[PDB]
Amino acid sequence: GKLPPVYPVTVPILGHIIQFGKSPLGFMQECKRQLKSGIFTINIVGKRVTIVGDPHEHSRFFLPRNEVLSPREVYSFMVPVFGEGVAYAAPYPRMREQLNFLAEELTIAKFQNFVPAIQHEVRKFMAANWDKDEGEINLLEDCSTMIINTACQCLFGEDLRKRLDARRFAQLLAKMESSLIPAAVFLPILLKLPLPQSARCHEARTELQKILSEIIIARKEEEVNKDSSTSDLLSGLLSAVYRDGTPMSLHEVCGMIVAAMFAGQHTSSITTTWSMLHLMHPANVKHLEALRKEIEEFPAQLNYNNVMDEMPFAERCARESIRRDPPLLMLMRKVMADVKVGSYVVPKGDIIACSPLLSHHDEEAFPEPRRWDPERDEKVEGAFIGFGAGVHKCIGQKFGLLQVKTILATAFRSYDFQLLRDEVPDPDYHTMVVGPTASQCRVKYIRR
Ligand code: HEM
Ligand SMILES: O=C(N[C@@H](Cn1ccnc1)c1ccc(-c2ccc(F)cc2)cc1F)c1ccc(-c2nnc(-c3ccccc3)o2)cc1
């Protein structure tokens with residue numbers, strides 16, 4: 001039919017990957033300018049990637065059903081992490097049941113207990129590691145540690161955290177993470193080759209499943225000897241029954257737990273770090289005042305109402321941090337059948353993408369897009385896609401923001417911070433999940 005315009009390939013069989021790596025946004029905006037089109041196709045190692053780079057057409061990426069646009073093939077490289085029959089490795093109907101089960105473990109009703117759990121871990125961390133009148137820290141490392149500790153304290157019973165503490169859990173997860181080859185998205189041959197990565201991933205997942213098995217057995221013993229019963233994400237998923245009457249296997253529960261941590265860890269840490277970096281910069285002193293005012297009448301011990309209902313401004317700070325520097329640069333689907341987008345047909349076999357980095361820098365949608373302004377609103381409806389939308393919208397958004405907001409309120413109640421450079425850090429685009437440049441994240445905390 002009428003295909004999107006294709007950016008010229010001048011270096012064959014790499015395509016535009018190299019140019020993309022150098023300046024993701026600059027490159028994408030150059031394609032947009034040159035091809036006179038928000039919808040255009042680039043070439044990544046010989047694979048056509050059609051970018052829906054016009055915010056007016058977002059719904060064409062986000063709304064079509066799975067039969068039409070499917071992320072499953074994109075996620076083939078993560079099958080060893082999730083496990084077979086888990087998440088994108090399951091038929092879509094089955095994945096949806098699993099997602100519902102996960103969301104039910106992050107229901108608003110469970111937030112009643114999450115708030116104190118999170119604040120407990122935050123205080124404990126600050127008391128241990130931020131103990132002088134002032135001191136120097138790497139904010140990105142400290143927020144990452146807080147997020148693993150807080151997520152674990154919400155989601156895992158004490159017995160589990162004893163057998164599998166944050167530190168050990170992070171090691172297992174990092175071993176799985178460092179075994180991933182996202183290049184396999186564009187070079188699918190990799191997924192059929194024998195790779196040492198495969199054995200490491202399996203080692204770590206099996207080790208984790210073993211620990212969970214031993215926790216389940218121990219809990220059974222606790223219940224028999226005392227009436228002690230632990231209610232957590234583990235117990236919750238284990239009690240799940242699919243519509244076909246079968247229960248979730250331990251294999252599936254393990255994969256879901258792993259998948260949840262993989263989703264939640266970096267994104268939440270990065271969002272918290274950016275938010276603090278912005279709030280502490282002198283240019284944003286008005287915003288820091290608005291935050292401090294928002295939390296001023298909060299009890300020493302926050303509760304569900306405080307964080308959920310009484311923090312709209314902290315929430316704006318979080319979303320605008322994601323809006324300016326989205327941790328996920330490119331959302332992708334396999335085109336399963338020709339799809340009409342704007343004035344073009346995107347053909348079966350393409351990878352279709354929608355880029356939060358590109359869309360969040362559209363100047364009609366977000367005037368002066370490099371300026372962090374929590375008071376802004378999108379000027380094109382649906383242009384903010386920080387948490388995705390439609391069929392595959394984020395199910396962790398509320399829990400992620402609960403942690404970010406709780407950490408912001410707890411940190412800024414007791415500390416000020418000073419950046420150790422003139423400007424907030426540059427984003428570092430070399431990672432799967434993009435955050436501020438780590439070596440630029442050293443800051444000074446100052447006890448209030
Ligand atoms: C906290 C900051 C977070 C950001 C910025 C974020 C961002 C996103 C984005 C952009 C998508 C869309 C993916 C796509 O369209 O391909 C997404 C989907 C998803 N997110 Fe997150 N997320 C965050 C937190 C979390 C947490 C804490 C969890 C789990 C506890 C989570 C679980 C998921 C799941 C399961 C999907 C896929 C839903 C589906 O495929 O139907 N999110 N999120
Ligand atoms: O982190 C990834 N996926 C995460 C995204 N996430 C994080 C928070 N919410 C959603 C992810 C998504 C869904 C799930 C998940 C899905 C289903 C389920 F039942 C449970 C969990 C788990 C995840 F870890 C991820 C990131 C990058 C990539 C990627 N592969 N290639 C690129 C790429 C290519 C070209 C240019 C730039 C990036 O990026 C693939 C996966």
# chains A, B, ... in the order shown; residues from 1 in each chain; ligands from 1

call {"tool": "residues_near_ligand", "arguments": {"ligand": "ligand 2", "cutoff": "7 Å", "atoms": "only C-alpha atoms and all ligand atoms", "output": "list in words"}}
result
residues 75, 86, 87, 88, 95, 98, 99, 182, 183, 185, 256, 259, 260, 262, 263, 264, 267, 328, 329, 330, 394, 396, 432 and 433 of chain A

call {"tool": "select_by_dssp", "arguments": {"residues": "range 267-387 of chain A", "states": "helix (DSSP H, G or I)", "output": "number ranges by chain"}}
result
A: 267-280, 282-295, 304-309, 312-324, 356-359

call {"tool": "closest_residue", "arguments": {"among": "A:406, A:66, A:19, A:76", "to": "residue 187 in chain A", "atoms": "only C-alpha atoms"}}
result
A:76

call {"tool": "residues_near_ligand", "arguments": {"ligand": "ligand 1", "cutoff": "7 Å", "atoms": "only C-alpha atoms and all ligand atoms", "output": "VMD selection string"}}
result
chain A and resid 71 99 260 to 261 263 to 265 267 to 268 271 322 326 to 328 331 to 332 385 to 389 391 to 397 399 to 401

call {"tool": "residues_around", "arguments": {"residues": "residue 203 in chain A", "least_positions_apart": "4", "cutoff": "12 Å", "atoms": "only C-alpha atoms", "output": "list in words"}}
result
residues 80, 81, 172, 173, 175, 176, 179, 196, 197, 198, 199, 207, 208, 209 and 210 of chain A

call {"tool": "select_by_dssp", "arguments": {"residues": "range 295-375 of chain A", "states": "strand (DSSP E)", "output": "ChimeraX atom specification"}}
result
/A:331-335,339-341,344-346,351-354

call {"tool": "write_last_selection", "arguments": {"atoms": "N, CA and C atoms", "output": "mmCIF file, in the first residue's frame"}}
result
data_model
loop_
_atom_site.group_PDB
_atom_site.id
_atom_site.type_symbol
_atom_site.label_atom_id
_atom_site.label_comp_id
_atom_site.auth_asym_id
_atom_site.auth_seq_id
_atom_site.Cartn_x
_atom_site.Cartn_y
_atom_site.Cartn_z
ATOM 1 N N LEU A 331 8.489 1.583 23.331
ATOM 2 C CA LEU A 331 7.539 0.480 23.514
ATOM 3 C C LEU A 331 7.348 -0.142 22.154
ATOM 4 N N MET A 332 7.288 -1.465 22.099
ATOM 5 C CA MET A 332 7.306 -2.142 20.820
ATOM 6 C C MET A 332 6.246 -3.209 20.747
ATOM 7 N N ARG A 333 5.753 -3.436 19.534
ATOM 8 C CA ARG A 333 4.878 -4.555 19.240
ATOM 9 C C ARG A 333 5.292 -5.154 17.905
ATOM 10 N N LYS A 334 4.990 -6.430 17.702
ATOM 11 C CA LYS A 334 5.102 -7.020 16.371
ATOM 12 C C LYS A 334 3.804 -6.731 15.631
ATOM 13 N N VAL A 335 3.910 -6.245 14.400
ATOM 14 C CA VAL A 335 2.708 -6.060 13.597
ATOM 15 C C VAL A 335 2.206 -7.401 13.059
ATOM 16 N N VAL A 339 -1.739 -2.480 9.547
ATOM 17 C CA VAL A 339 -2.518 -1.511 10.328
ATOM 18 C C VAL A 339 -2.374 -0.117 9.783
ATOM 19 N N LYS A 340 -3.508 0.563 9.723
ATOM 20 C CA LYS A 340 -3.572 1.915 9.220
ATOM 21 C C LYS A 340 -3.182 2.877 10.322
ATOM 22 N N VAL A 341 -2.154 3.680 10.087
ATOM 23 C CA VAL A 341 -1.755 4.682 11.065
ATOM 24 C C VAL A 341 -1.566 6.037 10.400
ATOM 25 N N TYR A 344 -0.837 6.212 6.625
ATOM 26 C CA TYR A 344 -0.036 5.081 6.159
ATOM 27 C C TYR A 344 -0.571 3.719 6.546
ATOM 28 N N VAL A 345 -0.118 2.698 5.822
ATOM 29 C CA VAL A 345 -0.288 1.315 6.238
ATOM 30 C C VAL A 345 1.034 0.795 6.822
ATOM 31 N N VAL A 346 0.990 0.323 8.067
ATOM 32 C CA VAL A 346 2.130 -0.369 8.666
ATOM 33 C C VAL A 346 1.888 -1.857 8.460
ATOM 34 N N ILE A 351 8.175 -4.245 13.114
ATOM 35 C CA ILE A 351 8.056 -3.901 14.510
ATOM 36 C C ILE A 351 7.500 -2.486 14.513
ATOM 37 N N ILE A 352 6.420 -2.293 15.254
ATOM 38 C CA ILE A 352 5.878 -0.954 15.432
ATOM 39 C C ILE A 352 6.245 -0.487 16.832
ATOM 40 N N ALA A 353 6.583 0.792 16.959
ATOM 41 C CA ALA A 353 7.078 1.339 18.210
ATOM 42 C C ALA A 353 6.406 2.642 18.479
ATOM 43 N N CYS A 354 6.348 2.970 19.758
ATOM 44 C CA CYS A 354 5.906 4.273 20.172
ATOM 45 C C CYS A 354 6.879 4.657 21.254
#

call {"tool": "residues_around", "arguments": {"residues": "range 369-374 of chain A", "least_positions_apart": "2", "cutoff": "12 Å", "atoms": "only C-alpha atoms", "output": "PyMOL selection string"}}
result
chain A and resi 25+274-279+281+283-288+290-291+312-325+357-367+376-379+384+423-424+426-427

call {"tool": "closest_residue", "arguments": {"among": "A:79, A:402, A:195, A:184", "to": "residue 309 in chain A", "atoms": "only C-alpha atoms"}}
result
A:402

call {"tool": "residues_around", "arguments": {"residues": "residue 168 in chain A", "least_positions_apart": "5", "cutoff": "12 Å", "atoms": "only C-alpha atoms", "output": "NGL selection string"}}
result
:A and (148-149 or 152 or 160-163 or 173-175 or 204 or 207-208 or 211)

call {"tool": "atom_distance", "arguments": {"atom1": "CA of residue 134 in chain A", "atom2": "CA of residue 445 in chain A"}}
result
5.4 Å

call {"tool": "atom_distance", "arguments": {"atom1": "CA of residue 97 in chain A", "atom2": "CA of residue 240 in chain A"}}
result
9.5 Å

call {"tool": "closest_residue", "arguments": {"among": "A:251, A:202, A:220, A:413", "to": "residue 292 in chain A", "atoms": "only C-alpha atoms"}}
result
A:413

call {"tool": "atom_distance", "arguments": {"atom1": "CA of residue 435 in chain A", "atom2": "CA of residue 266 in chain A"}}
result
8.2 Å

call {"tool": "residues_around", "arguments": {"residues": "residue 18 in chain A", "least_positions_apart": "3", "cutoff": "12 Å", "atoms": "only C-alpha atoms", "output": "PyMOL selection string"}}
result
chain A and resi 9-15+21-24+27+42-45+430

call {"tool": "residues_around", "arguments": {"residues": "residue 381 in chain A", "least_positions_apart": "5", "cutoff": "10 Å", "atoms": "only C-alpha atoms", "output": "list in words"}}
result
residues 55, 56, 58 and 365 of chain A

call {"tool": "write_last_selection", "arguments": {"atoms": "N, CA and C atoms", "output": "PDB file, in the first residue's frame"}}
result
ATOM      1  N   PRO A  55       2.067  12.286  18.584  1.00  0.00           N
ATOM      2  CA  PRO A  55       1.178  12.031  19.724  1.00  0.00           C
ATOM      3  C   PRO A  55      -0.303  11.930  19.350  1.00  0.00           C
ATOM      4  N   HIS A  56      -0.716  12.539  18.233  1.00  0.00           N
ATOM      5  CA  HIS A  56      -2.136  12.498  17.835  1.00  0.00           C
ATOM      6  C   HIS A  56      -2.520  11.127  17.436  1.00  0.00           C
ATOM      7  N   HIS A  58      -1.162   8.267  18.956  1.00  0.00           N
ATOM      8  CA  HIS A  58      -0.891   7.282  20.015  1.00  0.00           C
ATOM      9  C   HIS A  58      -1.862   6.149  20.097  1.00  0.00           C
ATOM     10  N   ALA A 365       2.777  19.173  22.235  1.00  0.00           N
ATOM     11  CA  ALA A 365       2.345  18.490  23.465  1.00  0.00           C
ATOM     12  C   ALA A 365       2.969  19.068  24.740  1.00  0.00           C
TER      13      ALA A 365
END

call {"tool": "closest_residue", "arguments": {"among": "A:355, A:113, A:239, A:305", "to": "residue 153 in chain A", "atoms": "only C-alpha atoms"}}
result
A:113
